[PDB]
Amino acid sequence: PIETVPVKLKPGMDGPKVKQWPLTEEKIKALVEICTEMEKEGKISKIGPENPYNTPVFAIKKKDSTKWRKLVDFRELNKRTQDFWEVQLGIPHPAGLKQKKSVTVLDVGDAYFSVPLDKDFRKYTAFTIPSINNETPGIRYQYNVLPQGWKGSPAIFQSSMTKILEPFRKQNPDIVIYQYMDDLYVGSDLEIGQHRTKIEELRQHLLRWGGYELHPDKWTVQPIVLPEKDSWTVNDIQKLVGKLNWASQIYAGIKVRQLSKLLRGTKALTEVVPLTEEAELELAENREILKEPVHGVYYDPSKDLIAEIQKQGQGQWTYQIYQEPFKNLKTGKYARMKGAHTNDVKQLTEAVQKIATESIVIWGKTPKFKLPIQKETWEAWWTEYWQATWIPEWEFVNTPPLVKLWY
């Protein structure tokens, strides 16, 4: 006997009408196995075309657990869904999660499958399984339960989740758990083996009612750097002045008066110009300013987070997170460690997951990404490398590198 929570789309908004994209054989087969089992257990229901909504569906395999995980890209639905700040069912973000030795992320999505979803809202959850070579029409299901990937499922299940974790959290006051979407983030200052075990304990407790290891303490900001040389060419100084001129819309009191005058006239780019002692002083002050974080930048919870990424070559990827332009909350450098080093798209997709995971840990939500990639190149391959149960918002930018400011 369970009662549903009445849910609405936002005023003036209809449900999602997003087309299914083509799927590989092994993802189709996995989805057909998963969905017939879910249909049997009443979690979803076979529907027809009289339901005009749709959301793409695909599958992923985590690296350490090699069973397939179904993933319905409810980004569109979540945007159209009522806020739960208003039904007072939202989840606060605990500071201090970012200050922990290690954070372990657990897929807690199944727990949502024990709570029915408002009968009048299920039509918005429809998805379609494709068929190889279009042998058959698509097969359509809608959810009867809180679906995984829906922003409303953590909100509605929130009361229940708090009860489940009350013993663990009173038994373990120093552990901090934050729930984001289908994920539970657990952080502790204990040494790995012990931390892990308490993760095992949590897993067992969770199983009874019904990971990825992060070390935030060792994420480090990578600031802007100026080159250090002894001999400088006109082109070096030009490159230097243009970089500092750009950094002056972020940092305060950066000057180029002295270095710029070193360039008076119409000079060959290869001509070495010795530094005035004054320009050496100008360079010094600027270097010092670039050294420490910017003053006056604070997170605003009412504004969205935005992330920019630049490819730097040799497996390196710079990124900045901000809410307002030039008021960066965090600047960083992502590096690939696989060893293959062959695939830009896989690297970027891993960079996006890692940057989004940091934002979840730091601020409790993911940013909208500005991705340095062709839409069509990204859409050809990214699902081959996705491993999160959430998907962030993104858009595609083609911005040539004016100055290589971040490297």
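We number the residues from 1 along the sequence you see.
Participant: Please say, as none, 1 to 3, 4 to 9, or 10 or more, how many residues of the deposited sequence are without coordinates in the interval between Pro325 and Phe326.
Facilitator: In the deposited sequence, nothing is left without coordinates between these two.
Participant: Looking at the entry, does 162-170 or 111-119 show the higher mean C-alpha B-factor?
Facilitator: If you average the C-alpha B-factors of 162-170 and of 111-119, the larger mean comes out for 162-170.
Participant: Identify the stretch, either 16-24 or 393-401, whose C-alpha atoms have the larger mean B-factor according to the entry.
Facilitator: Looking at the record's C-alpha B-factors, the answer is 393-401.
Participant: Based on what the PDB entry reports, which of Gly332, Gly210, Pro154, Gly242 has the top C-alpha B-factor?
Facilitator: That would be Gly210, according to the entry.
Participant: Can you pull the Cα B-factors for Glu86, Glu76, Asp304, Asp236 from the entry and say which is highest?
Facilitator: That would be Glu86.
Participant: Could you place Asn144 in the lowest, middle or highest third of its chain by Cα temperature factor, using the values in the record?
Facilitator: As the PDB entry reports it, the C-alpha B-factor of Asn144 lands in the middle third of its chain.
Participant: Split the chain's modelled residues into thirds by Cα B-factor; is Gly296 in the lowest, middle or highest one?
Facilitator: For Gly296, whose C-alpha B-factor we compare with every modelled residue in the chain, the answer is the middle third.
Participant: Could you look up the Cα B-factor of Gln249 in the entry and say which third of the chain it sits in: lowest, middle or highest?
Facilitator: Middle third by C-alpha B-factor.
Participant: Please place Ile321 in the lowest, middle or highest third of its chain by C-alpha B factor as given in the entry.
Facilitator: Answer is lowest: the recorded C-alpha B-factor places it there.
Participant: Ranked by Cα temperature factor within the chain, is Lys311 in the lowest third, the middle third or the highest third?
Facilitator: CA B-factor rank for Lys311: lowest third.
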